[PDB]
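Comments concern the structure below.
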Amino acid sequence: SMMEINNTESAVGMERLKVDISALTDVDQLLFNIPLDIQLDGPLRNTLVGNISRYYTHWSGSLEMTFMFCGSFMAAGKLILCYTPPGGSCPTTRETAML
Amino acid sequence: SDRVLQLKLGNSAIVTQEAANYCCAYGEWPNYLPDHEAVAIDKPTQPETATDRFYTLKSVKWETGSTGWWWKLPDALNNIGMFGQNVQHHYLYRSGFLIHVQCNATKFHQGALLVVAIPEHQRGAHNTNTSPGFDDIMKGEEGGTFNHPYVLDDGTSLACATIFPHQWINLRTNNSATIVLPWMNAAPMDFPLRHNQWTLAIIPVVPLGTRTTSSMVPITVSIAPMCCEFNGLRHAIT
Amino acid sequence: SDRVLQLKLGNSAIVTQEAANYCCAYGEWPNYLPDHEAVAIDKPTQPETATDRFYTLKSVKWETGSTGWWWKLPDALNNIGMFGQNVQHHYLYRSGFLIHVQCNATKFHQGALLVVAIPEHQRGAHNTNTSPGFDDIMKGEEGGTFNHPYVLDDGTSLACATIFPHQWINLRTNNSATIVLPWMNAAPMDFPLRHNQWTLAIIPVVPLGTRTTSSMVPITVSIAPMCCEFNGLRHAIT
Amino acid sequence: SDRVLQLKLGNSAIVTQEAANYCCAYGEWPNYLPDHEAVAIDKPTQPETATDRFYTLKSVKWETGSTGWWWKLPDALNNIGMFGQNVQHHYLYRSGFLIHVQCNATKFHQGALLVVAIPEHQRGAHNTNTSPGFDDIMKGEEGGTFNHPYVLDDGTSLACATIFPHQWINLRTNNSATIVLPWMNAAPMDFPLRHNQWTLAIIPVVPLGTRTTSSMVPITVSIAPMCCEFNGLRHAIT
Amino acid sequence: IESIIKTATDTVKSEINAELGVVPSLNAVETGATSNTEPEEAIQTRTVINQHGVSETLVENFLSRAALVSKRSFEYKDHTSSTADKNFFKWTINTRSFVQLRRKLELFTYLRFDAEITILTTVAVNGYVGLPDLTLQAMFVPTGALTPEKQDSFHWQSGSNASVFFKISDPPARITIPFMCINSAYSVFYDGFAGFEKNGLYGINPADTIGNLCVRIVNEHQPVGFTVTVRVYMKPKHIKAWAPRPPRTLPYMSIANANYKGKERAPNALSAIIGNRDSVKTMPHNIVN
Amino acid sequence: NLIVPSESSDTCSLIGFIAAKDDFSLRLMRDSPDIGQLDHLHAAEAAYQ
Amino acid sequence: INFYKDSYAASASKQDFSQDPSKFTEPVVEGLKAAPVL
Amino acid sequence: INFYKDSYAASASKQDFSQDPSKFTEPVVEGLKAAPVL
Ligand SMILES: CC(C)Oc1ccc(C(=O)Nc2cccc3c(-c4ccc(CN)s4)ccnc23)cc1
């Protein structure tokens, strides 16, 4: 079920369910991050896994995030999606997140 | 394999060259009512190819500001062809449906439609205590438009609507969607004029965009009733 | 038999000519985590000889007024060698430990050190309601000193501390102590930067004394991590 | 078949939808050092998934005037992650490499990159008798640029460089290249800070061109060390 | 394929891949199937033997706990001058009044269950004399039966209605009602109209009508007044559930319909269900040391 | 980089989805903080009338 | 313990461990492969 | 007497007479003798 990743002011309604990507002129730039808190309010809360899990206190097991690219057929690109196990701050550079 | 499809029912056929497989709702296929589930004791009429064929609705224009569209079943078909005539002359109806949604654009267009079949899509009104009236619900062949697709017009969630039978038309990937719906009711048959089992919702979660010269980008809906049965013959309500 | 010992782990070896046997805590030996107890599903790194080797800490001087010394594990090793690097780059850690404590003097010296490994040595503060802070607990490689060894700094009892895995260095008898610690936690693995499984305490229950010319009498601590595993690779916290 | 590829090593994975098969250098696959070829008698550390995973370097911009780029192995990785830590703490190293080069553009772009892995790419200087210095060779993670790619900066020949393990990225055909490198040395292990076994060279033999609106066209390099072994543990040179 | 699942699945160890033509991390969301990528295919894994049970998420366990469905307070007094619940009340039975039960039930399209009903009564003196140990009568009045008009009307003789008589000093009164729909399941949602004319109620299936609960104090009034509160609890049991639904996000407005307004600002506003963060690059609870 | 020709839109969207895998487990049921009421709902009183 | 004559009077039935999640996760007519899906 | 469906509901389990005091009294790698210990 869709994550509300664009939970920002000036994103209204349906606009909150998508993230817009543009061509950049600097290499290896950060595009977005996703807070992984299901208990605190965040992109995961209003999801099927999220809503059902909030009837419970304890959880275990793996999650899958799937991303669908919805540009035109002629659009091309490569993204790197990173999960960082806990302990420090969220990485802000690609060569940190790549680890 | 998964990309090309032909559907043939009665005197009607559809081909697509950009399918994305197709959905059978909850893994079921339409069937006729068996004797061990039947209630009404009169012998049903089963018109077969006269009813169990694709009917094409009026197309809708996809625009930058579109909120999405909906049609209720059987309501949208209750006045069309021999399906409509049997609906009007019979107290009781049962069928499945084959839904095929069509939308094509160039390789320079982008956009994504969620095509979702919702069982018992009981609508809410916005910002009132008064329940939706008859003319808010019973749109017929023309269908309706979403007021607040973000909550599915029922105080709920577009984001979680993938729990229902659905496909996407992502213009980059595919240009049609197909959903097969079984009979989906608490009773074995129903009065077709006062209850809708299914609502087809088409919602543009990613808006239509391009930098080519603009064209009208229509969305077209073709629905085949499947395994139609009718009971309780009388005069036409019509 | 019981008096001489050699310990060899990786590129490191220790010999003693005055051991007093050695302690295996609760009769266990270190082992790797078996599949039927495992939680984290990523494949662990097991560096073996890069981590599972003796590291020697800074020596402490035994003095007439000494209250005793303590070090927390893994905290004391979290910045040392390849053990420290794996700690800093991984979310999860597990290991046992081999502890070897060294102190020699002449045949005219007297003194007795209790060498005790305490699991979950949650410290108290003296004469306050405020709990110990981060810098009171996390002493790292240098370790700490006992404030009130008579109550083990936790409102309890040095006299009953023999309930924990321990040896003595009685200068008349022996000049080293050895304790083997298994993994000792309620979870199968842990975050090494926020929890200490074990505290090594060295307490001079009989003070150092002699009438020869005085010399510096150091106490030296060598610890080998055993069966190290690390899970959850990321950037270094460091 | 040959067009789509997934590479999975440790916690890292790469997918490509436009591969052109992939190269195994001289038909070899990486392996650990067998006992009948081994020299150093200490037990090696083999960190597996902590080292044997993709590291991504900084991207370079493809421009109309580009001469091409190079990176030396292990030099480019000697400061990255747990591979870098093991490099700094150990005298001896051995590994293979998995090299994956990424560059995409539109169907209106043209350009061809030769992606070649050169063993022992001993560089020359132009127009001097003085040999290249340490800072001319040891570029680390950033890599270098070709001065005279036509002679491979070594008085030789780009045209004959196809004698080395290579692929092309022809923007019309494919958007990634993959080369698997075995250990390639005269000794069974080496000191990683003074000798480079392999040089990755990316050279634009056909320049980037289009008449669409221009965009930044980056080239990205991801390298996985494979079957890493380290011997001779000591303090970190770092 | 249908299978008996008692515990979460094991993880198998996995090696390095590098196979041409095999791309298990790529998917096609447009089909409407959920991603089939396994963890063993995304990363190198160890073997884990998984012993975690799944019984607490069984639908029986998720729904079969007793929740408040009705709560009514009324004056127990001499009512000759009152204009009011005169020592009795009538309740038209529904599940839509208390939102915690409502939201859980509305996760499904169809439900079949028997209803365990627990009736809890409490009393306070009106503004002390001690608390009377009153006898109450609850009577179930089905569709088309006559409801009582008065505390002492002859409808309370209950010749064929089911009644339970219970004391305040007793434990809570308890009875089970069977699954009583004229269909094979209740319609939790109903995209339809209740009558053959156009003016019938939208959104309520006539097939799911339970009836009325009538509760009186059986005692005559005392010389002083009391306030009596009756609480009704319902526990579904022997449950079947079909067609799971997206949960309710906006506050409920009415028991009669799904009408919606939202909160004034996020969370759970009509424009924004999740509360905002400064940007898609902002981590709100970022660990810093 | 995202690279598009002039006739494609210069800006493109991702939709992100999440699900659990079948190794997932939940425990200790509680009242969800996602719903609440401060008042009686409209027409909840009318059920007593 | 159930001495009532009607079977609906019984306590709850918490023993049904049958699942088929594919009716919600995989309602595609041609099953997915572990392999390009389109 | 236990008619509850959850086994943790049962009364206390006072029947476990297994001991191994040597894990606290004799954690030496070479066992003591009944004989000079050092
Ligand atoms: C007097 C005594 C002998 O009998 C009774 C009889 C009934 C009660 C009582 O309140 N039941 C009840 C309270 C609330 C709900 C129900 C339901 C529902 C199932 C699905 C629904 C959606 N529409 S509703 C069914 C039967 N009952 C219910 C209490 C006592």
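Every heavy atom of this structure was used, including side-chain atoms; hydrogens, water molecules and symmetry mates were not. Each chain gets a letter, A, B and so on, in the order its sequence line appears, and its residues count up from 1.
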Beyond-backbone contact of A:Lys78 with D:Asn175, side-chain heavy atoms, under 4.5 angstrom: yes

Residue pair E:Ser35 / E:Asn27, side-chain donor-acceptor N/O under 3.5 Å: yes

Partner of D:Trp183 by ring pair (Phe, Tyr, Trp, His ring centres under 6.0 Å), out of D:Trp29, D:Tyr93, D:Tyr32: D:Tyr93

Flag side-chain contact, heavy atom, 4.5 Å: A:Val27 against D:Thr220: no

Atom CZ of D:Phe191 with >12 non-hydrogen neighbours under 6.0 angstrom: yes

Check: D:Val180 and D:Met226 side chains under 4.5 Å, non-hydrogen atoms: yes

Atom pair CE (C:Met189) and CG (C:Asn231), whose distance is rounded to the nearest 0.5 Å: 4.5 Å

Residues E:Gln44 and D:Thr49: side-chain donor-acceptor under 3.5 angstrom: no

D:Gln122 CD: over 12 foreign heavy atoms closer than 6.0 Å: no

Smallest separation among heavy atoms of E:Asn36 and G:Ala34, with atom names: ND2-N, 4.4 Å

Heavy-atom donor-acceptor pair, D:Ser12 side chain to D:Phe54 backbone, under 3.5 Å: yes

Shortest non-hydrogen separation from D:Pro225 to D:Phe97 and the atoms involved: CA-CD2, 3.9 Å

Nearest heavy atoms of D:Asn104 and D:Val217, plus distance in Å: O-CG1, 3.8 Å

Enclosure of D:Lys107 NZ (heavy-atom neighbours >12, cutoff 6.0 Å): no

Heavy-atom side-chain contact between D:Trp71 and D:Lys139 under 4.5 Å: no

Whether D:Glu229 side chain and D:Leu33 backbone form a donor-acceptor pair below 3.5 Å: yes

D:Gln88 versus D:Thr238, side-chain donor and acceptor atoms under 3.5 Å: yes

Under 3.5 Å: donor-acceptor pair, side chain of D:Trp198, backbone of D:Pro182: yes

Aromatic plane relationship, D:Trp70 with D:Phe146 - under 30° parallel, 30 to 60° tilted, over 60° perpendicular: perpendicular

Donor-acceptor under 3.5 Å (D:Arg53 side chain, A:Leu99 main chain): yes

Non-hydrogen side-chain atoms of D:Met138 and D:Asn196 separated by less than 4.5 Å: yes

Check: C:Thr45 side chain, D:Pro47 main-chain N or O, donor-acceptor pair, under 3.5 Å: yes

Inter-residue atom distance A:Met68.CE - B:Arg172.CZ, 0.5 Å rounding: 11.5 Å

Atom pair CD/CD1 of E:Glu41 and E:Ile43 - distance to nearest 0.5 Å: 11.5 Å

Verdict with supporting geometry, D:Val221 and D:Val60, side chain to side chain contact (heavy atoms under 4.5 Å, CB included): CA-CA 9 Å; D:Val221 174; D:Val60 296; over 6 Å; no

Distance in Å, F:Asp22 CG paired with E:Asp10 CG, rounded so as to fall on 0.5 Å steps: 10.0 Å

F:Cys12 versus A:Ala75, closest heavy-atom pair with distance: SG-CB, 4.1 Å

Reported CG-to-CG distance for the pair D:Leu73 and D:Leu181, which is rounded to 0.5 angstrom: 7.5 Å

Any donor-acceptor pair under 3.5 Å from C:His90 side chain to D:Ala50 backbone: no

Aromatic plane relationship, D:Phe230 with D:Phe83 - under 30° parallel, 30 to 60° tilted, over 60° perpendicular: perpendicular

N/O donor-acceptor pair under 3.5 Å between D:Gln197 side chain and D:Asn185 backbone: no

Minimum heavy-atom distance between D:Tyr26 and D:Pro119, given as atom pair plus value: OH-CG, 3.9 Å

E:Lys13 and E:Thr47 side chains, donor-acceptor separation under 3.5 Å: no

Validation row: D:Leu57, D:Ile80 side chains within 4.5 angstrom (heavy atoms): yes

Side-chain donor/acceptor of D:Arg94 to backbone N/O of D:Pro188, under 3.5 Å: yes

C:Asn11 side chain near D:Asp42 side chain, heavy-atom distance below 4.5 Å: no

Electrostatic pair C:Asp35-E:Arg46, nearest N-O below 4.0 angstrom: yes

Flag, side chain of D:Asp153 to backbone of D:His148, donor-acceptor distance under 3.5 Å: yes

Between SG on residue D:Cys103 and CG on residue D:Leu113, distance to nearest 0.5 Å: 5.5 Å

Donor-acceptor pair, side chain of D:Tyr22 and main chain of E:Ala18, under 3.5 angstrom: yes

Heavy-atom pair with the smallest gap, counting every atom of D:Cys227 and D:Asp52: N-OD2, 3.3 Å

Steps toward side chain to side chain contact (heavy atoms under 4.5 Å, CB included) verdict (E:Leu26, G:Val37): CA-CA 8 Å; E:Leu26 290 177; G:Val37 54; over 6 Å; no

Short side-chain donor-acceptor distance under 3.5 Å, E:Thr37 and A:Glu64: no

Pair D:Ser59-A:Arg94, side chain to side chain donor-acceptor pair (under 3.5 Å): steps then yes or no: CA-CA 10 Å; D:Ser59 305; A:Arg94 191 180 73 182; 3.2 Å; yes

Side chain to side chain contact (heavy atoms under 4.5 Å, CB included) assessment of E:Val12 paired with E:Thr45: CA-CA 7 Å; E:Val12 187; E:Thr45 52; 5.7 Å; no

Steps toward side chain to side chain contact (heavy atoms under 4.5 Å, CB included) verdict (D:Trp62, D:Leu171): CA-CA 12 Å; D:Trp62 193 358; D:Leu171 288 175; 3.8 Å; yes

Distance-only donor-acceptor check, side chains D:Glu120 and D:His195, under 3.5 Å: yes

Check: D:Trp168 and D:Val205 side chains under 4.5 Å, non-hydrogen atoms: yes

